[PDB]
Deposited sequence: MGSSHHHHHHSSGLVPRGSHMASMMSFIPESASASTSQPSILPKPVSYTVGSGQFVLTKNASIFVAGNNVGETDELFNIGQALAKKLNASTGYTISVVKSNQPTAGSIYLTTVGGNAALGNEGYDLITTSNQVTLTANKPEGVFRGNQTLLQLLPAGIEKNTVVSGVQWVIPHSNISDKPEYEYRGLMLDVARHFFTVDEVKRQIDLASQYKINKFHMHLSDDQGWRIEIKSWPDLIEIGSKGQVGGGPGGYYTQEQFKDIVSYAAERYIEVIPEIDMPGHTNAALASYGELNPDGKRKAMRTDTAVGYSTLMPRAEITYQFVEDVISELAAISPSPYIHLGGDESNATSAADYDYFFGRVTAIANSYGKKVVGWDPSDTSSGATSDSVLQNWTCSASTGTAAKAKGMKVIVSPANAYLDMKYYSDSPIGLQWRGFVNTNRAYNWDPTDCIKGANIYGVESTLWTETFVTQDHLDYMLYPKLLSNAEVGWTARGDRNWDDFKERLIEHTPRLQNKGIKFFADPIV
């Protein structure tokens, strides 16, 4: 037999040059029969759970779906609490879910008279609704009313569930600041592709982005810049809670990161007492890394960390707090072991488990409840985590979505090489680490070189779609040639969503 790898498309990207559903990530099974369902102006969404509490949660999910459908159809589809759907209805239910599909899995069966989504949990109804939107014609994902398109769904049968539990996106809001609205939008867009985790990198050398009432100069001084010129910005604790709440409506866990003991210049520029000479650092607007450190052997450091953790824990319902631990090149191995163990103890005392970048798993203060985010992905990375029974989230070069697509990309970095849509697809988490409990995947969007929403869109789309499929779809069902053609077919939907994607010439 003969095989090949993909080159660039002759005459340019098909995402420039280009009944038909466009499901991404690829579901476990999808079959199509004869006939079709038509969504009309008279349609209602019926919801039915196993008890009134569950029905009420499904009702909220139904309303969110109705809002989306109404925006493009111009209909006023309403939601009804009933297990007796009428012909032409969408029906969302958790009664009789296939337990083998787990919390996020679902069956989605469309007949001429009815769309029926059957799940184990409300969460699975939400994930299934992301598929439902992709079964309707391109146009349905428009934010304004679309005319001249019949709103049809083919008679079809889908069963689905994720391969990995953790399928995340990290946004760096320290290097360049993004508004609450911009962050909500990225969360919203990601959710449509079954991303279920949002990691916020809230602090680094060039900025501190979260209000800490006990240390107000973190904002008054530490938030007032960013990479390059800019004014920076920050989230009040109320704005952070708003983001958390918005993500929760999409069954997305928000994991906040306060990076320590490295990547701490913004804190060090806010409070002189955090530095050995007692003087504030100058703010930094360059892109260098590795040079900053908290004082590992000063009690003031641990008081500062405790105050930050106390306040953040109070406003962050996730059982996880990410404490960074990357590129602590100004911290000795001995001090790093000690520091990371001490801050893990503090986090645990406030009821939070710790996530940290490698090599944080090597800290003698880690527990089997701590989680390693393995970004290095080398032969020895996560040896400690594996020995300690720690879950691992993988973020290899293939998940570093801030890398240039190509040598000539107008934005992006390249310290992990180039990452085009193909590279972002052609890997497996088991490639990054062997013999581990792999919790999942996280796409990381660092923002050294991204200033605008358009820059975010350009790098995340279509690259995030590749990573999202690596997280959701089983390896045996993944195939670049298949994904590539599905992605081409999906292009109008990205357009319709107003995503300023890159038309990658490898697609």
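Could you please spell out the deposited residue ranges that have no C-alpha entry in the coordinates?
Counting from residue 1, the stretches without coordinates are 1-6, 25-36.
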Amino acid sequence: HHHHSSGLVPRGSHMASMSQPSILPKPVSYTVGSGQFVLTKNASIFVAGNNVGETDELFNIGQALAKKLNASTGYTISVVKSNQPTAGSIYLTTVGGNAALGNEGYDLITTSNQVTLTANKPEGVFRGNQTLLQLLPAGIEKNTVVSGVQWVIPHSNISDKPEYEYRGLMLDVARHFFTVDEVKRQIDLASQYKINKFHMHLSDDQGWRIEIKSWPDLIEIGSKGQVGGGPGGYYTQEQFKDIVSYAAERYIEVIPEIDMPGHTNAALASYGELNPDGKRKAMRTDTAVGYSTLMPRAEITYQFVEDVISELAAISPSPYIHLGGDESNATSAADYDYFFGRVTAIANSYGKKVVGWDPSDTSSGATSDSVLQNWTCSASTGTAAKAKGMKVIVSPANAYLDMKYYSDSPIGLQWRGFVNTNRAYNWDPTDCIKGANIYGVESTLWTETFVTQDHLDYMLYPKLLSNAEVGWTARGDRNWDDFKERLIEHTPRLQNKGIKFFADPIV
From here on, numbers count along this sequence of modelled residues.
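Selected stretch [higher average CA B-factor]: 281-289 or 328-336:
Mean B over CA atoms: larger for 281-289.
Tell me which of 216-224 and 115-123 has the higher mean C-alpha B-factor in the deposited entry.
The stretch with the larger mean CA B-factor is 216-224.
Selection from 256, 168, 412, 230 [criterion: highest C-alpha temperature factor in the record]
Spelled out: the listed residue with the top C-alpha B-factor is 230.
What's the residue among 150, 383, 316, 374 with the greatest CA temperature factor in the PDB record?
Out of 150, 383, 316, 374, the record gives the largest C-alpha B-factor to 150.
Based on the deposited C-alpha B factors for this chain, I'd like to know if residue 446 is in the lowest, middle or highest third.
It belongs to the lowest third of the chain when residues are ordered by C-alpha B-factor.
Position of residue 76 among the chain's modelled residues by C-alpha B-factor, lowest, middle or highest third:
Answer is highest: the recorded C-alpha B-factor places it there.
Could you say whether, by C-alpha temperature factor, residue 497 belongs to the lowest, middle or highest third of its chain?
It falls in the bottom third of the chain.
Sorting the chain's CA B-factors, does residue 361 end up in the lowest, middle or highest third?
Tercile = lowest for this residue's CA B-factor.
Going by what the PDB entry lists, where does residue 260 fall on CA B-factor within its chain: lowest, middle or highest third?
Within its chain, residue 260 is a lowest-third residue by C-alpha B-factor, going by the deposited values.
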